[PDB]
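Let's start with one chain on its own, the form deposited without the ligand, as structure tokens.
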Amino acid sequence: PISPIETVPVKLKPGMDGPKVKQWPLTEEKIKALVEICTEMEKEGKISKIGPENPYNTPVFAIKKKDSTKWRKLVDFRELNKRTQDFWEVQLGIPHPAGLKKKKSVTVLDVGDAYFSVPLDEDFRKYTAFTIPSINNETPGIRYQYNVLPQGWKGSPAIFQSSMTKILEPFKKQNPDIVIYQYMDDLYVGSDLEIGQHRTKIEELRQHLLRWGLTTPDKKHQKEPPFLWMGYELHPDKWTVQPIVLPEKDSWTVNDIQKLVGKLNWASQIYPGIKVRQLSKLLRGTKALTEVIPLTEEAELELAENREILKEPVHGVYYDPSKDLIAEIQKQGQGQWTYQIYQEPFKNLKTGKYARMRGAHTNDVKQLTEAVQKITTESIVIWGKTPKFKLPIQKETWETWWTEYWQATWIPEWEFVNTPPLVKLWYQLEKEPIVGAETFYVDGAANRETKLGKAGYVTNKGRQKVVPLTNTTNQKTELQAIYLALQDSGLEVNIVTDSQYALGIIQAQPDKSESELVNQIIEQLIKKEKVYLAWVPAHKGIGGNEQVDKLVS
């Protein structure tokens, strides 16, 4: 006799009523296997047959369990889901093996038929109603309502999971010597107890769960390592991912590359050095999932380098609260970064990558900072603390960056590690005008309608240029005029523009850009020994600014 699981109150959204969707036509093989299942549910008390007073219905269908002889029953509740109250999901994140401490004794078991072991809300049951065709609709058929959490209902996971948690609560509290990781119905249990004492505690857990009606079938009960948990393999002193299958297929659809990049991301959490940039670039585009894609020379090299990493098996270790966390980052090029988190050398807790390109114009320092931030957050999720950082950037470089930059920025306690390629600032703008350097007053303009424009400059020595431009914009001409000044000037130059747009970009010291013209300017800036940029208001009759404004307007 089970202790009954108290029901969770559940409501439809205000002024909304239950679903009426009826049924779509079914193939006989499906309708057949279906009715045998409904009967078993009725018997075990998971479902009740009385239908006549119930106006509501929702479709049902079936599909085979993966590579199995068996047919699975699924209810499509999407319309009910809309009309049902919103829930707050209590699953905030995925546990990670690198967060587990080492345990002498370990067990992994699952709860059998989770959703169907939990009673549905009495008043909500009527809205779960569904209709099976008797035989191809010749005769009326069977009507049912769910007595427990149905598959397909948006509220089922949250409700089971929460009930699961309330049951476990007393058991954890009265056995502090145990550690239990509940992910949904899946349990990981570990202890430093002698295996006998541990085998005992597990069975107590098993009875405790049964008392509330939660079975733990022996088939899903893992006793001996390696334990298969959350997609990983847990050995006693080390963990790893379950084997990765790379398509070797010689003709790649859009969808092939998607799957490919997907698995590489998953691999990146342990296997160091994974790069998806060139592979992902094959994918950027309007192409439909079926369009076949030739692999670029670099993308093939990227895929090649990846395989070379995966050829070898890799293991992560477990977490030792006594020791500090260390995060070490390397630049992989093209805005790609990988890192390793570890406590002792050459034993990685885990690894990862940050390839994200945010913004049209950026540099390595901004990107390194972003990587630091992602790693800090990930670490707080898994270990609840911030790792000490080892970065390929010199202390002065960093000091020059963050002190001179106009946005607040910071990195937590870190030390320089000398591991080329190093992160550096590729040029630095003068704070004061340069004595004896030629002064370029630059300007550019474009016609809104024609998309034609000019860019040019006049200098204090009488030097002048104007260049015609086609299919352009005000903003582009403004950058263009600055480009000309840089091209036509010596190693030291003063440049005066009215363009807030242009100065905004350049003063942030970008080393890379989505714009070819900006990259060309960056290339010139790197060649210069000194550059002083200055802004003046337009249309005030300033300087050569009045003079160059007329030239290009």
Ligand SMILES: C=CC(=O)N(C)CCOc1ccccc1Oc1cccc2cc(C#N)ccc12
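For every residue, the number given is its place in the sequence shown, counted from 1.
The same protein also has a form solved in complex with the ligand, omitted here; what follows describes it.
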Place the ligand on the shown form using its pose in the deposited bound form and a superposition of the nearby C-alphas, then give a one-word verdict, open or blocked, with blocked set at 3+ atoms within 2.4 Å of backbone or C-beta. blocked
Given that the partner is absent here, does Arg143 sit within 4.5 Å of the ligand in the deposited bound form, heavy atoms only? no
Please run the contact check for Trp252 against the ligand in the deposited bound form: heavy atoms, 4.5 angstroms, yes or no? no
Using 4.5 Å between non-hydrogen atoms, is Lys331 touching the ligand in the deposited bound form? no
Heavy atom to heavy atom, is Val106 within 4.5 Å of the ligand in the deposited bound form? yes
Look at the stretches 288 to 296, 301 to 309, 121 to 129, 233 to 241 and give the one with heavy atoms within 4.5 Å of the ligand in the deposited bound form. 233 to 241
Counting any non-hydrogen atom inside 4.5 Å, which residue from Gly155, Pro392, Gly190, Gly352 sits next to the ligand in the deposited bound form? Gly190
The single option of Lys82, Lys451, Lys102, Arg463 touching the ligand in the deposited bound form, heavy atom within 4.5 Å: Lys102
Partner contacts in the deposited bound form for 203 to 234 (non-hydrogen atom within 4.5 angstroms of the ligand): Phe227, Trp229, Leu234
